[PDB]
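Source file: model.pdb. Holds: PDB, C-alpha atoms.
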```pdb
ATOM      1  CA  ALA A   2      -9.050  -7.454   5.772  1.00  0.00           C
ATOM      2  CA  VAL A   3      -9.529  -5.780   2.395  1.00  0.00           C
ATOM      3  CA  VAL A   4      -7.203  -3.214   0.853  1.00  0.00           C
ATOM      4  CA  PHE A   5      -8.625  -0.393  -1.248  1.00  0.00           C
ATOM      5  CA  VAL A   6      -6.094   0.771  -3.879  1.00  0.00           C
ATOM      6  CA  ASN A   7      -6.824   3.761  -6.124  1.00  0.00           C
ATOM      7  CA  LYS A   8      -4.278   4.740  -8.763  1.00  0.00           C
ATOM      8  CA  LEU A   9      -4.818   8.504  -9.093  1.00  0.00           C
ATOM      9  CA  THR A  10      -3.837  10.733 -12.002  1.00  0.00           C
ATOM     10  CA  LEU A  11      -3.314  14.355 -10.982  1.00  0.00           C
ATOM     11  CA  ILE A  12      -5.006  16.729 -13.441  1.00  0.00           C
ATOM     12  CA  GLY A  13      -5.032  19.866 -11.277  1.00  0.00           C
ATOM     13  CA  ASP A  14      -2.937  21.597  -8.662  1.00  0.00           C
ATOM     14  CA  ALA A  15      -0.925  19.191  -6.502  1.00  0.00           C
ATOM     15  CA  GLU A  16      -1.049  21.323  -3.351  1.00  0.00           C
ATOM     16  CA  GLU A  17      -4.796  21.928  -3.675  1.00  0.00           C
ATOM     17  CA  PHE A  18      -5.423  18.232  -4.235  1.00  0.00           C
ATOM     18  CA  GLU A  19      -3.339  17.247  -1.209  1.00  0.00           C
ATOM     19  CA  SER A  20      -4.933  19.754   1.169  1.00  0.00           C
ATOM     20  CA  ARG A  21      -8.422  18.610   0.122  1.00  0.00           C
ATOM     21  CA  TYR A  22      -7.424  14.958   0.545  1.00  0.00           C
ATOM     22  CA  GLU A  23      -6.546  15.793   4.163  1.00  0.00           C
ATOM     23  CA  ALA A  24     -10.239  16.211   4.977  1.00  0.00           C
ATOM     24  CA  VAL A  25     -10.963  12.829   3.374  1.00  0.00           C
ATOM     25  CA  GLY A  26      -8.319  11.107   5.508  1.00  0.00           C
ATOM     26  CA  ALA A  27      -9.441  12.948   8.631  1.00  0.00           C
ATOM     27  CA  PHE A  28     -12.986  11.658   8.164  1.00  0.00           C
ATOM     28  CA  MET A  29     -11.889   8.081   7.441  1.00  0.00           C
ATOM     29  CA  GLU A  30     -10.007   8.016  10.746  1.00  0.00           C
ATOM     30  CA  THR A  31     -13.214   7.538  12.770  1.00  0.00           C
ATOM     31  CA  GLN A  32     -15.165   5.516  10.213  1.00  0.00           C
ATOM     32  CA  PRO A  33     -15.813   2.050  11.688  1.00  0.00           C
ATOM     33  CA  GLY A  34     -13.634  -0.635  10.161  1.00  0.00           C
ATOM     34  CA  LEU A  35     -10.834   1.629   8.964  1.00  0.00           C
ATOM     35  CA  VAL A  36      -7.381   0.297   9.936  1.00  0.00           C
ATOM     36  CA  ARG A  37      -4.988   2.743   8.259  1.00  0.00           C
ATOM     37  CA  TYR A  38      -4.529   4.656   5.030  1.00  0.00           C
ATOM     38  CA  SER A  39      -1.782   6.360   3.052  1.00  0.00           C
ATOM     39  CA  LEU A  40      -1.702   8.744   0.140  1.00  0.00           C
ATOM     40  CA  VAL A  41       1.653   8.352  -1.624  1.00  0.00           C
ATOM     41  CA  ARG A  42       3.063  10.230  -4.617  1.00  0.00           C
ATOM     42  CA  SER A  43       5.340   8.590  -7.185  1.00  0.00           C
ATOM     43  CA  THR A  44       8.854   9.965  -7.526  1.00  0.00           C
ATOM     44  CA  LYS A  45       9.028   8.513 -11.052  1.00  0.00           C
ATOM     45  CA  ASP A  46       5.971  10.330 -12.458  1.00  0.00           C
ATOM     46  CA  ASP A  47       4.705  13.000 -10.100  1.00  0.00           C
ATOM     47  CA  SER A  48       1.250  13.007 -11.678  1.00  0.00           C
ATOM     48  CA  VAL A  49       0.833   9.495 -10.204  1.00  0.00           C
ATOM     49  CA  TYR A  50      -0.528   9.026  -6.683  1.00  0.00           C
ATOM     50  CA  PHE A  51      -1.924   5.977  -4.890  1.00  0.00           C
ATOM     51  CA  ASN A  52      -4.666   6.121  -2.254  1.00  0.00           C
ATOM     52  CA  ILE A  53      -4.259   2.929  -0.203  1.00  0.00           C
ATOM     53  CA  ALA A  54      -6.627   2.031   2.630  1.00  0.00           C
ATOM     54  CA  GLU A  55      -6.902  -1.124   4.735  1.00  0.00           C
ATOM     55  CA  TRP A  56     -10.381  -2.006   6.031  1.00  0.00           C
ATOM     56  CA  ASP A  57     -11.541  -4.720   8.426  1.00  0.00           C
ATOM     57  CA  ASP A  58     -13.779  -6.181   5.754  1.00  0.00           C
ATOM     58  CA  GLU A  59     -15.832  -5.406   2.682  1.00  0.00           C
ATOM     59  CA  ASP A  60     -18.944  -4.468   4.678  1.00  0.00           C
ATOM     60  CA  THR A  61     -17.258  -1.687   6.664  1.00  0.00           C
ATOM     61  CA  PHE A  62     -15.665  -0.308   3.493  1.00  0.00           C
ATOM     62  CA  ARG A  63     -19.116  -0.345   1.860  1.00  0.00           C
ATOM     63  CA  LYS A  64     -20.799   1.431   4.772  1.00  0.00           C
ATOM     64  CA  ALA A  65     -18.115   4.131   4.984  1.00  0.00           C
ATOM     65  CA  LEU A  66     -18.303   4.840   1.246  1.00  0.00           C
ATOM     66  CA  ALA A  67     -22.056   5.527   1.507  1.00  0.00           C
ATOM     67  CA  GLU A  68     -21.808   8.126   4.297  1.00  0.00           C
ATOM     68  CA  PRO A  69     -22.943  11.469   2.799  1.00  0.00           C
ATOM     69  CA  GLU A  70     -20.273  13.574   4.528  1.00  0.00           C
ATOM     70  CA  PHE A  71     -17.502  11.205   3.434  1.00  0.00           C
ATOM     71  CA  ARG A  72     -18.818  11.344  -0.137  1.00  0.00           C
ATOM     72  CA  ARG A  73     -18.931  15.151   0.078  1.00  0.00           C
ATOM     73  CA  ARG A  74     -15.236  15.375   0.967  1.00  0.00           C
ATOM     74  CA  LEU A  75     -14.448  12.771  -1.703  1.00  0.00           C
ATOM     75  CA  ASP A  76     -16.432  14.671  -4.352  1.00  0.00           C
ATOM     76  CA  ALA A  77     -14.373  17.790  -3.556  1.00  0.00           C
ATOM     77  CA  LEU A  78     -11.451  16.028  -5.274  1.00  0.00           C
ATOM     78  CA  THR A  79     -13.275  15.585  -8.584  1.00  0.00           C
ATOM     79  CA  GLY A  80     -11.644  17.879 -11.131  1.00  0.00           C
ATOM     80  CA  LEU A  81      -8.252  17.545  -9.420  1.00  0.00           C
ATOM     81  CA  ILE A  82      -7.644  13.816 -10.018  1.00  0.00           C
ATOM     82  CA  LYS A  83      -8.858  10.878 -12.076  1.00  0.00           C
ATOM     83  CA  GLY A  84      -9.175   7.536 -10.307  1.00  0.00           C
ATOM     84  CA  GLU A  85      -8.617   3.891 -11.201  1.00  0.00           C
ATOM     85  CA  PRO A  86      -9.936   2.210  -8.029  1.00  0.00           C
ATOM     86  CA  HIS A  87      -9.470  -1.440  -7.044  1.00  0.00           C
ATOM     87  CA  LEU A  88     -10.999  -3.117  -4.001  1.00  0.00           C
ATOM     88  CA  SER A  89      -8.375  -5.807  -3.472  1.00  0.00           C
ATOM     89  CA  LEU A  90      -7.679  -8.885  -1.319  1.00  0.00           C
ATOM     90  CA  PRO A  91      -4.363  -9.644   0.409  1.00  0.00           C
ATOM     91  CA  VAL A  92      -2.710 -12.681  -1.163  1.00  0.00           C
ATOM     92  CA  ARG A  93       0.660 -12.694   0.580  1.00  0.00           C
ATOM     93  CA  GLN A  94       1.782 -10.447   3.353  1.00  0.00           C
ATOM     94  CA  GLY A  95       4.860  -9.660   5.372  1.00  0.00           C
ATOM     95  CA  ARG A  96       3.480  -8.233   8.597  1.00  0.00           C
ATOM     96  CA  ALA A  97       5.630  -5.647  10.367  1.00  0.00           C
ATOM     97  CA  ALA A  98       5.668  -7.623  13.614  1.00  0.00           C
ATOM     98  CA  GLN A  99       6.734 -10.752  11.741  1.00  0.00           C
ATOM     99  CA  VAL A 100       9.455  -8.975   9.780  1.00  0.00           C
ATOM    100  CA  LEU A 101      10.859  -7.624  13.051  1.00  0.00           C
ATOM    101  CA  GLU A 102      10.483 -10.993  14.775  1.00  0.00           C
ATOM    102  CA  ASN A 103      12.424 -12.934  12.125  1.00  0.00           C
ATOM    103  CA  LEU A 104      15.245 -10.374  12.356  1.00  0.00           C
ATOM    104  CA  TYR A 105      15.581 -10.421  16.114  1.00  0.00           C
ATOM    105  CA  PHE A 106      15.241 -14.215  16.235  1.00  0.00           C
ATOM    106  CA  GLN A 107      18.053 -14.740  13.742  1.00  0.00           C
ATOM    107  CA  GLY A 108      20.250 -12.255  15.581  1.00  0.00           C
ATOM    108  CA  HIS A 109      19.446 -13.394  19.121  1.00  0.00           C
ATOM    109  CA  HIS A 110      19.046 -17.153  18.632  1.00  0.00           C
ATOM    110  CA  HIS A 111      22.793 -17.463  17.894  1.00  0.00           C
ATOM    111  CA  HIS A 112      22.522 -20.339  15.413  1.00  0.00           C
TER     112      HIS A 112
ATOM    113  CA  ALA B   2       9.546   5.987   5.225  1.00  0.00           C
ATOM    114  CA  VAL B   3       8.939   5.380   1.538  1.00  0.00           C
ATOM    115  CA  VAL B   4       6.287   3.178  -0.059  1.00  0.00           C
ATOM    116  CA  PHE B   5       7.079   1.184  -3.176  1.00  0.00           C
ATOM    117  CA  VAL B   6       3.969   0.465  -5.260  1.00  0.00           C
ATOM    118  CA  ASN B   7       4.157  -1.856  -8.235  1.00  0.00           C
ATOM    119  CA  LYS B   8       0.988  -2.214 -10.285  1.00  0.00           C
ATOM    120  CA  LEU B   9       1.286  -5.710 -11.747  1.00  0.00           C
ATOM    121  CA  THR B  10      -0.570  -7.156 -14.729  1.00  0.00           C
ATOM    122  CA  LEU B  11      -0.849 -10.942 -14.781  1.00  0.00           C
ATOM    123  CA  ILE B  12       0.162 -12.505 -18.123  1.00  0.00           C
ATOM    124  CA  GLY B  13       0.417 -16.153 -17.051  1.00  0.00           C
ATOM    125  CA  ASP B  14      -0.834 -18.564 -14.400  1.00  0.00           C
ATOM    126  CA  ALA B  15      -1.964 -16.755 -11.263  1.00  0.00           C
ATOM    127  CA  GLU B  16      -1.107 -19.661  -8.953  1.00  0.00           C
ATOM    128  CA  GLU B  17       2.453 -19.960 -10.225  1.00  0.00           C
ATOM    129  CA  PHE B  18       2.952 -16.196 -10.130  1.00  0.00           C
ATOM    130  CA  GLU B  19       1.840 -16.209  -6.502  1.00  0.00           C
ATOM    131  CA  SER B  20       4.040 -19.179  -5.581  1.00  0.00           C
ATOM    132  CA  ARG B  21       7.101 -17.608  -7.228  1.00  0.00           C
ATOM    133  CA  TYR B  22       6.309 -14.303  -5.520  1.00  0.00           C
ATOM    134  CA  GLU B  23       6.633 -16.145  -2.197  1.00  0.00           C
ATOM    135  CA  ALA B  24      10.397 -16.315  -2.791  1.00  0.00           C
ATOM    136  CA  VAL B  25      10.542 -12.578  -3.478  1.00  0.00           C
ATOM    137  CA  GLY B  26       8.613 -11.718  -0.328  1.00  0.00           C
ATOM    138  CA  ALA B  27      10.853 -14.030   1.694  1.00  0.00           C
ATOM    139  CA  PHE B  28      14.031 -12.361   0.464  1.00  0.00           C
ATOM    140  CA  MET B  29      12.659  -8.859   1.048  1.00  0.00           C
ATOM    141  CA  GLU B  30      11.951  -9.726   4.687  1.00  0.00           C
ATOM    142  CA  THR B  31      15.680 -10.375   5.170  1.00  0.00           C
ATOM    143  CA  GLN B  32      16.743  -6.985   3.826  1.00  0.00           C
ATOM    144  CA  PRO B  33      17.698  -4.014   6.010  1.00  0.00           C
ATOM    145  CA  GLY B  34      15.034  -1.338   6.112  1.00  0.00           C
ATOM    146  CA  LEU B  35      11.948  -3.340   5.186  1.00  0.00           C
ATOM    147  CA  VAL B  36       8.945  -2.371   7.311  1.00  0.00           C
ATOM    148  CA  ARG B  37       6.170  -4.485   5.763  1.00  0.00           C
ATOM    149  CA  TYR B  38       4.687  -5.515   2.422  1.00  0.00           C
ATOM    150  CA  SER B  39       1.422  -6.768   0.985  1.00  0.00           C
ATOM    151  CA  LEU B  40       0.702  -8.325  -2.383  1.00  0.00           C
ATOM    152  CA  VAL B  41      -3.011  -7.694  -3.029  1.00  0.00           C
ATOM    153  CA  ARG B  42      -5.172  -8.825  -5.928  1.00  0.00           C
ATOM    154  CA  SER B  43      -7.926  -6.656  -7.371  1.00  0.00           C
ATOM    155  CA  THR B  44     -11.475  -7.960  -7.204  1.00  0.00           C
ATOM    156  CA  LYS B  45     -12.472  -5.594 -10.011  1.00  0.00           C
ATOM    157  CA  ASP B  46      -9.935  -6.884 -12.564  1.00  0.00           C
ATOM    158  CA  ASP B  47      -8.287 -10.069 -11.361  1.00  0.00           C
ATOM    159  CA  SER B  48      -5.371  -9.585 -13.771  1.00  0.00           C
ATOM    160  CA  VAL B  49      -4.302  -6.608 -11.599  1.00  0.00           C
ATOM    161  CA  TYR B  50      -2.185  -6.935  -8.466  1.00  0.00           C
ATOM    162  CA  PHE B  51      -0.381  -4.352  -6.400  1.00  0.00           C
ATOM    163  CA  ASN B  52       2.802  -5.021  -4.504  1.00  0.00           C
ATOM    164  CA  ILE B  53       2.929  -2.452  -1.691  1.00  0.00           C
ATOM    165  CA  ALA B  54       6.221  -2.514   0.189  1.00  0.00           C
ATOM    166  CA  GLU B  55       7.182  -0.044   2.912  1.00  0.00           C
ATOM    167  CA  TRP B  56      10.855   0.765   3.504  1.00  0.00           C
ATOM    168  CA  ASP B  57      12.721   2.946   5.980  1.00  0.00           C
ATOM    169  CA  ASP B  58      14.000   5.149   3.146  1.00  0.00           C
ATOM    170  CA  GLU B  59      14.905   5.176  -0.528  1.00  0.00           C
ATOM    171  CA  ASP B  60      18.476   4.215   0.372  1.00  0.00           C
ATOM    172  CA  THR B  61      17.613   0.830   1.891  1.00  0.00           C
ATOM    173  CA  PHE B  62      15.171   0.100  -0.940  1.00  0.00           C
ATOM    174  CA  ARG B  63      17.859   0.827  -3.547  1.00  0.00           C
ATOM    175  CA  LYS B  64      20.465  -1.200  -1.653  1.00  0.00           C
ATOM    176  CA  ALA B  65      18.174  -4.256  -1.471  1.00  0.00           C
ATOM    177  CA  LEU B  66      17.455  -4.125  -5.212  1.00  0.00           C
ATOM    178  CA  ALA B  67      21.226  -4.308  -5.783  1.00  0.00           C
ATOM    179  CA  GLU B  68      21.381  -7.828  -4.287  1.00  0.00           C
ATOM    180  CA  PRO B  69      21.950 -10.559  -6.908  1.00  0.00           C
ATOM    181  CA  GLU B  70      19.571 -12.903  -5.054  1.00  0.00           C
ATOM    182  CA  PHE B  71      16.858 -10.213  -5.196  1.00  0.00           C
ATOM    183  CA  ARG B  72      17.427  -9.779  -8.932  1.00  0.00           C
ATOM    184  CA  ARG B  73      17.418 -13.558  -9.411  1.00  0.00           C
ATOM    185  CA  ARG B  74      14.018 -13.948  -7.758  1.00  0.00           C
ATOM    186  CA  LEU B  75      12.554 -10.938  -9.604  1.00  0.00           C
ATOM    187  CA  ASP B  76      13.820 -12.384 -12.882  1.00  0.00           C
ATOM    188  CA  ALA B  77      11.901 -15.587 -12.151  1.00  0.00           C
ATOM    189  CA  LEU B  78       8.670 -13.570 -12.497  1.00  0.00           C
ATOM    190  CA  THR B  79       9.411 -12.641 -16.130  1.00  0.00           C
ATOM    191  CA  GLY B  80       6.657 -13.949 -18.375  1.00  0.00           C
ATOM    192  CA  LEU B  81       4.174 -14.197 -15.499  1.00  0.00           C
ATOM    193  CA  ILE B  82       3.619 -10.469 -14.858  1.00  0.00           C
ATOM    194  CA  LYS B  83       4.373  -7.015 -16.243  1.00  0.00           C
ATOM    195  CA  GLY B  84       5.174  -4.148 -13.877  1.00  0.00           C
ATOM    196  CA  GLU B  85       4.456  -0.435 -13.463  1.00  0.00           C
ATOM    197  CA  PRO B  86       6.834   0.428 -10.602  1.00  0.00           C
ATOM    198  CA  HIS B  87       6.592   3.600  -8.493  1.00  0.00           C
ATOM    199  CA  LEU B  88       8.757   4.363  -5.494  1.00  0.00           C
ATOM    200  CA  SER B  89       6.428   6.791  -3.742  1.00  0.00           C
ATOM    201  CA  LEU B  90       6.621   9.313  -0.878  1.00  0.00           C
ATOM    202  CA  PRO B  91       3.883   9.395   1.769  1.00  0.00           C
ATOM    203  CA  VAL B  92       2.011  12.671   1.452  1.00  0.00           C
ATOM    204  CA  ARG B  93      -0.685  11.994   4.055  1.00  0.00           C
ATOM    205  CA  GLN B  94      -1.365   8.977   6.223  1.00  0.00           C
ATOM    206  CA  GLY B  95      -3.246   8.002   9.338  1.00  0.00           C
ATOM    207  CA  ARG B  96      -4.801   5.153  11.237  1.00  0.00           C
ATOM    208  CA  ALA B  97      -7.937   4.489  13.235  1.00  0.00           C
ATOM    209  CA  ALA B  98      -8.431   7.238  15.832  1.00  0.00           C
ATOM    210  CA  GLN B  99     -10.409   7.374  19.083  1.00  0.00           C
ATOM    211  CA  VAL B 100     -13.831   8.946  18.592  1.00  0.00           C
ATOM    212  CA  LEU B 101     -13.410  10.626  22.007  1.00  0.00           C
ATOM    213  CA  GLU B 102      -9.881  11.933  21.309  1.00  0.00           C
ATOM    214  CA  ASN B 103     -10.773  15.643  21.465  1.00  0.00           C
ATOM    215  CA  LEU B 104     -13.047  15.325  24.527  1.00  0.00           C
ATOM    216  CA  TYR B 105     -10.206  14.812  27.027  1.00  0.00           C
ATOM    217  CA  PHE B 106      -8.914  18.373  26.475  1.00  0.00           C
ATOM    218  CA  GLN B 107      -5.443  17.016  27.246  1.00  0.00           C
TER     219      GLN B 107
END
```
Rewrite the structure from the file as structure tokens, please.
Amino acid sequence: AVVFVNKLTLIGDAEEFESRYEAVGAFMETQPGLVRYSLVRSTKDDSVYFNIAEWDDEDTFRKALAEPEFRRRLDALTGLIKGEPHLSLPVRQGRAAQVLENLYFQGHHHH
Amino acid sequence: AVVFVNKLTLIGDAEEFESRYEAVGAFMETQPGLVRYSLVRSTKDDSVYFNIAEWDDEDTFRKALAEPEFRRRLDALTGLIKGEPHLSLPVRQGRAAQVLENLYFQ
């Protein structure tokens, strides 16, 4: 898996930016290789967002990025945000299933 | 849910940073409210990492950070990285959908 992380700086209207991002996320949802994505907004500095997307691999991320209609919805955000994008590799991970498993094992093993 | 994002800049040895971060990840996994976390390293600028940690709510995140053991293991990263921390609220999210989803008319 690869994890796309874009640190966004809001330079326009927050509500307009977020509604337009909706169409980007909608499109990503049936792009091959997309696992999940989240747009999150900092509570410390509300001009700071992060676009975070997990992809099966680098090749599927590459092929999705090139799709004209995806790029059209992405381009509709230019002028509302500036981006500092990072295609990134997982280095250490606490998977949800494993976090849950360690909890219920400690509680139900009765060591 | 809330998503903590820390943009980390490496200022020492990457291998030791990553080994010492193992202890931080381990302790997080024992704390009430943790959903999941990933530490990822940028392939554009390899001095950049992001810690991305998902918690049930701000409350559980704040309560975990009040643990002395958590603070001890964070303090062991001093000199290896610098942080830009952001507790963040999900604004939009989704996951892989079925291409045929709308053709059931359910």
Rounded to one decimal place, report the atom CA of residue A:3-atom CA of residue B:12 distance in Å.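 According to the coordinates, atom CA of residue A:3 and atom CA of residue B:12 are separated by 23.7 Å.
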Local residues around (-2.5, 0.6, 4.8), at most 10 Å away, using only C-alpha atoms, as number ranges by chain: A: 3-6, 35-40, 52-56; B: 38-39, 53, 55, 94-96
Which residue is closest to residue A:16? Choose from A:48, A:59, A:69, A:105 and count only C-alpha atoms.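 Answer, going by the shortest atom-to-atom distance: A:48.
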For the file shown, what are the residues hit by the PyMOL selection byres ((chain B) within 8 of (chain A)), laid out as JSON, numbers by chain? {"B": [4, 19, 23, 26, 30, 31, 35, 36, 37, 38, 39, 40, 41, 42, 43, 44, 45, 46, 87, 88, 89, 90, 91, 92, 93, 94, 95, 96, 97, 98, 99, 100]}
Straight-line distance linking atom CA of residue A:63 with atom CA of residue A:78, stated in Å to one decimal: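 Atom-to-atom, atom CA of residue A:63 and atom CA of residue A:78 are spaced 19.4 Å apart.
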When the PyMOL selection byres ((chain A and resi 77) around 12) is applied to the structure above, which residues does it catch, written out as a VMD selection string? chain A and resid 17 to 25 70 to 76 78 to 82
What does the distance from atom CA of residue A:85 to atom CA of residue A:10 come to in Å, to one decimal? 8.4 Å
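When you apply the PyMOL selection byres ((chain B and resi 21) around 12) to this structure, what comes back is residues 93 of chain A; 13, 14, 15, 16, 17, 18, 19, 20, 22, 23, 24, 25, 26, 27, 28, 73, 74, 75, 76, 77, 78, 79, 80, 81 and 82 of chain B.
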Write out as a ChimeraX atom specification the residues lying within 10 Å of residue B:86, counting all atoms listed in the file and excluding same-chain residues fewer than 3 positions away. /A:43,45 /B:5-9,51-52,83,89
